[PDB]
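Trainee: Before I ask anything, here is the structure I am working with.
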Amino acid sequence: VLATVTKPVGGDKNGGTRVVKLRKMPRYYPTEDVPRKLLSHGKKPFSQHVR
RNA sequence: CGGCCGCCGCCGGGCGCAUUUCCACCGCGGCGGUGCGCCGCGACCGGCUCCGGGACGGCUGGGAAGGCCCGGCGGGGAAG
């Protein structure tokens with residue numbers, strides 16, 4: 001949940017404990033990002049228009 | 001500075017493909033922008049310009065017709 005992200009089991013057949021990650025850090029942050037993933041907002045896609 | 005805790009770097013360790021990092025290819029999955037050039041389409045919204053159907057209130061509680069007209073008084077145009 002917080003120490004890990006999702007669920008530690010697996011890996012480390014010998015050695016220590018078995019902890020795995022999911023949805024890790026970004027490996028590359030672009031030098032300038034744009035905001036606000038656009039949205040639905042009431043402008044429905046073509047699948048749902050009225051024939 | 002002694003001590004407290006955290007962080008970072010270096011080193012030494014167990015260590016194995018479900019740990020990790022790197023790569024090439026499919027998923028062309030979730031998301032961000034975007035096409036090479038020419039186009040088209042649908043729906044929501046704003047702004048107009050029009051078209052077609054309705055239903056209603058008043059008036060002199062509308063005027064005047066339209067319909068079935070019957071028993072009388074007259075008058076006036078012009079009646080096979």
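Chains: A, B, ... in order of the structure tokens. Residues: from 1 per chain. Ligands: from 1, in order shown.
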Considering only C-alpha atoms (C1' of nucleotides), extract the chain B residues located within 6 Å of chain A and return them as a PyMOL selection string.

Mentor: chain B and resi 14-15+18-19+43

Trainee: Would you compute the distance between CA of residue 3 in chain A and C1' of residue 20 in chain B? Give it in Å to one decimal.

Mentor: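 About the pair CA of residue 3 in chain A and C1' of residue 20 in chain B: they are 18.5 Å apart.
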